[PDB]
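I have placed the structure first, in the form of structure tokens, so that the comments after it can refer back to it.
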Amino acid sequence: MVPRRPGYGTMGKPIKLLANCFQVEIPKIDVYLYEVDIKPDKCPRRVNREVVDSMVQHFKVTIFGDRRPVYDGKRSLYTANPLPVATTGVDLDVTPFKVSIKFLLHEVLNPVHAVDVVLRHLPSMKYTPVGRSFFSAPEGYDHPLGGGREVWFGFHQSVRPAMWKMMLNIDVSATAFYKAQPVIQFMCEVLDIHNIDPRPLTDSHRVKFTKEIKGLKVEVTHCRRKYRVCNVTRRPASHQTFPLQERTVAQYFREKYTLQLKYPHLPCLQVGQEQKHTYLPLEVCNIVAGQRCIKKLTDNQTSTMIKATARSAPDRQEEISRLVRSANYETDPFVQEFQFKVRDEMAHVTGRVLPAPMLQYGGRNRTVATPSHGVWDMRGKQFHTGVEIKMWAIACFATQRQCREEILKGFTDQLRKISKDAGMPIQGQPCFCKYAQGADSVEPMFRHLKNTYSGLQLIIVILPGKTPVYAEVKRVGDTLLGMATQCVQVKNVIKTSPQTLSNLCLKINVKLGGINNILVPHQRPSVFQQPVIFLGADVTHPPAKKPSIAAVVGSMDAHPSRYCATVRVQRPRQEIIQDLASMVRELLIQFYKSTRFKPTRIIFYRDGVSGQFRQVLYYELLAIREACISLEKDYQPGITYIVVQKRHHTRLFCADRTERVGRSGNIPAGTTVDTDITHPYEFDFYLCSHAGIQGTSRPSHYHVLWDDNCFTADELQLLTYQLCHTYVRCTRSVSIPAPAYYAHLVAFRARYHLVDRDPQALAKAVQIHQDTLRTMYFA
RNA sequence: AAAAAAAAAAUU
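Residue numbers for the first sequence, in PDB author numbering: 16 to 110, 120 to 127, 135 to 140, 158 to 245, 248 to 273, 277 to 298, 306 to 604, 608 to 673, 675 to 820, 838 to 860.
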């Protein structure tokens, strides 16, 4: 099972820190659960909670005595002392239907969640709950995004049984909502028309409008009643008719609610079903307040949201500080019935900052490089093994008007200038260059490109921006012909910022196969005395029918530097990797043909997990094992599987203003916090592997859920840290170890391959040509 | 797509 903690690390310089985690004391008396059944079940959880609470208030005199309870909004009731109920329950009805209701943690350190509903049922009565977080409309404010879409500021709130006490996480959320507004003004926003008041209804407009409003809710008149939208009518309000004792919706509203439609050419809204024959015009329809955005946001909208949330750790912590005392949790009738005590102060925890390892470079200088706070440069330092390019070609998919002769001449000259100093000589003039336009000129250009040039290594496409050609360029370069790419936008082919080019050298030198740097081997954990292979993993889902994509990368050196890559397609919204076994098989074979050793140690990071450990650890660990028991006998390689979490709501701030680093005032790279806030029994730990430059850092939470290598806590912590510096696209420290960052790009560069028998079209679409399977293409 | 990091993933 999940191996317990082998110990706590002590290497590294200690530092005092603060976690948005609050210790909670839970009372000795047992908790009694009272199930509540309501009928029917055709309404939101908020409506359920409202009806039961109003019920309790109306008839509390004898039914409930003098007591204040909490309730999960659904079917779970909590009280402090045994409730005055009879047998299976008492026939009680609140109006609006008839409800019949049918009626540890200390020792371990339902009962864990039972406290959650108590600390959650006061704010859940207040704000708009979104699963685990809440939101409040900004009182006297506006934060629009366009298209009638807003963003509201709220907070995540989850309890966790931290080691030695119950603990409650509070952390700011900033997610998108929909502006309560007239459906007309909303429609005007959606169709990018300010005020059209010719568009009677272009048939495609009639469907593009419902493309977004379909499946929303709406309120009648202008503020009433409330109904659920289902579709836009084909014929307008003056025409669409429903039978009553058969009036059109226009004449009906014209003669029974004495309201003349200003816009009778506009369509109607379906509510309920296409059988209830219930119809509502847009004029008398306001959007309800509190709607959430499930549709995928545009890139620009995502950037605007990012700006809304990227604030520095110092002045942000002082908003969490307010947030905990804002609801005044020790003055809540719900928690004080059950004697709940919290700490309105932050959690003090002393972590340890591991030492990043010095990196070995080559060329003439043989310079060892030491990283400072996550960064190191390369000026006057040559690659460990840089490549020499005899042949290479340019393909500008911007027009001649933007990109011109003398601008490539300058750009290429500058790059050839810096690359030879960087240890990767790009001497000679490019044997080929041609301007191009569109997504469709790509493919035959590239086929002629292979057949006429023998010895042609790399092609650098110069695109203008977000053009459909990128998907083609990648899709072709990988799966059709199997030669190496490196794009660039004209924006950067014009200005030759050296840090831009010197990054381009890093990506390109490894896409041809070279190795930019290695670790000075004597500063490595004990795991490098023996053969060990490292494996990343990610799973990218669609928003929505589009499939999920799964990817794995494999260590191919002992530094470990180079990585091979494979990838598979799978069902929507499914989380587990279906064919991990054979992917590991092919990569173990790749390792056996690169280093000529059978690997004895497998160290295996995984990202993309949501209550999904019970089912993925046990399954994927055997999918690896049978990849091993698939080859020969006496092959029981040691598998240690670690799961990384870039998506919690745990943060850590420095407890000394002198230490608050940078203009974001963020925490340093390489801190480890496996004590106090972490899970007790299970072997997990936090490592803020990166350097926070913008906003406020998210620390990576690594859960070691299996360890056959009996790793001492330091042997594993330092190891994951040294791995985090093995990234090639930049000389910086990333949040997750390089393999976990590689399967992310593979799965991210398979959805460009998707965007264009049935299994073979979508299966071959991802599988790369053999001449580019042995390469670092994803970077 | 030079780059790491920062952002939610009863009516009609």
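Ideal Cβ positions, reconstructed from N, Cα and C, are used throughout, including at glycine.
- Looking at the DSSP output, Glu50 shares a beta bridge with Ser91.
- Non-local C-beta neighbours of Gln442 in its own chain, meaning closer than 7 Å and more than five positions away in sequence, comprise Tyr421, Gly422, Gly423, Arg424, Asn425, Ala482, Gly483, ordered along the chain.
- Under the Cβ criterion (8 Å, minimum of three pairs), the segment 589-603 does not count as touching the segment 568-580.
- For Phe667, the number of other beta carbons within 10 angstroms of its own is at least 16, and it is reported as buried.
- By the Cβ rule, the segment 806-819 counts as touching the segment 611-620, because three or more pairs are nearer than 8 Å.
- In this structure, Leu342 sits near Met235, with a CB-CB distance shorter than 8 Å.
- Note that the C-beta distance between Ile593 and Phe654 is below 8 Å.
- Burial is judged here by how many other beta carbons sit within 10 angstroms of a residue's own beta carbon; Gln377 has at least 16 and is buried.
- In the structure shown, the three-state DSSP call for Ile244 is coil.
- The three-state reading of DSSP puts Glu690 in helix, counting H, G and I together.
- Per the coordinates, the alpha-carbon of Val725 lies some 33 Å from the alpha-carbon of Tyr705.
- Excluding five sequence positions before and after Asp106, the CB atoms of its chain that fall closer than 8 Å to its own CB belong to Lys122, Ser124, given in chain order.
- Counting only runs of 4 or more residues that sit fully inside the segment 442-475, no alpha helix (DSSP H) segment turns up.
- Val792 has its alpha-carbon roughly 57 Å from the corresponding atom of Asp68.
- Within the segment 527-594, the alpha helix (DSSP H) runs of at least 4 residues that lie entirely inside it are, in chain order, 529-535, 550-554, 558-571.
- Here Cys345 is actually not in contact with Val257; their C-beta atoms are around 18 Å apart, not less than 8 Å.
- Collapsing the DSSP output to three states places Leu170 in a helix.
- In this structure, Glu379 keeps its C-beta atom at 8 Å or more from the C-beta atom of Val521.
- Contact between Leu595 and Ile665 is confirmed by a C-beta separation of about 7 Å, below the 8 Å threshold.
- When the Cα atoms are used, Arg721 and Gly729 turn out to be separated by approximately 9 Å.
- In the three-state reduction of the DSSP assignment, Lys213 falls in the strand class.
- With respect to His754, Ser797 sits close: the two C-beta atoms are nearer than 8 Å.
- Of the candidates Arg476, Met451, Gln497, the residue whose Cα lies closest to the Cα of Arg461 is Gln497.
- By alpha-carbon distance to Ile354, the top candidate from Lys28, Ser557, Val536, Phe225 is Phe225.
- Contact annotation, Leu468 with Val533: C-beta distance approximately 17 Å; criterion of less than 8 Å not satisfied.
- In this structure, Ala210 is the residue among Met70, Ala210, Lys54 with its C-alpha nearest to the C-alpha of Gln38.
- Per DSSP, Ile232 is not a residue of any beta strand (DSSP E); the alpha helix (DSSP H) it occupies stretches across 231-238.
- Annotated as proximal: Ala628 and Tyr806, with beta-carbon spacing under 8 Å.
- The alpha-carbon separation between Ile568 and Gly27 amounts to approximately 35 Å.
- Take the alpha-carbon of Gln786 and the one of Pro417: they are about 6 Å apart.
- The beta carbon of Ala370 sits closer than 7 Å to the beta carbons of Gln758, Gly759 from its chain, once the five residues preceding and following it are set aside; these are given in chain order.
- Judged by DSSP in its simplified three-state form, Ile665 adopts strand.
- Put simply, the backbone Cα of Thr539 is about 22 Å away from that of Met619.
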